[PDB]
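sequence first, structure after, both from an experimental entry:
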Amino acid sequence: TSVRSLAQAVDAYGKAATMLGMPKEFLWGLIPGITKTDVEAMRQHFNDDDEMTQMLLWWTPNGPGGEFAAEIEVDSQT
Amino acid sequence: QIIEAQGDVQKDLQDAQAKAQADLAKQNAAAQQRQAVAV
């Protein structure tokens, strides 16, 4: 029931997760606008085999990363 | 994957080198027997 804005709460929680090392799984339910149903939906579909989740999980500011960015590198090396 | 590719290209390189060396040895043996059989 806090009266904190979304941006402030999100940035503070992210700083806490990155520095104090709090478990990010619990922190998902603390941002306003997200309920327990949303957390359960995130947990159920977080490592799906579809291309969407794989692309959005290994995402970098300069394009998709992970195995998708490793395939082009290994092709170039080969 | 990179190490496997390097190993494969190497392996064919030394396979060709060994085949060439065997052919050279066979040619040298043939030349030696040809020059020795003459008398």
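Looks like it arrived, so ask away. Numbering: from 1, shown residues only, chains lettered A, B, ... in the order given.

buried residues of the longest helix that chain A contains, list them for me.
Using DSSP state H, we find that the single longest helix of chain A is helix A:66-77. Buried residues in helix A:66-77, counted by 16 or more other CB atoms under 10 Å in any protein chain shown: none are found. All C-beta atoms are positioned from the backbone trio N, CA, C, and that covers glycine.

other SSEs contacting that helix?
helix A:51-57, helix B:2-37 (3 or more CB pairs under 8 Å, 6 or more residues apart in numbering or on different chains; DSSP states H and E).

could I get the buried residue list for the first one?
Just to be clear, that refers to helix A:51-57. Across helix A:51-57, burial judged by 16+ other CB under 10 Å covers residue A:54.

ok, then the element right after that helix?
Note on helix A:51-57: by DSSP states H and E, the next helix or strand toward the C-terminus is strand A:59-60.

contact partners of that next one?
For strand A:59-60, contacts defined as CB atoms under 8 Å, 6 or more residues apart in numbering or on different chains pick out A:65, A:69.

which strands border it, and is each parallel or antiparallel?
Its sheet considered, strand A:59-60 pairs with strand A:63-64 (antiparallel) by DSSP bridges.

please work out how many residues are found near residue A:12.
12 (other CB atoms under 10 Å in any protein chain shown).
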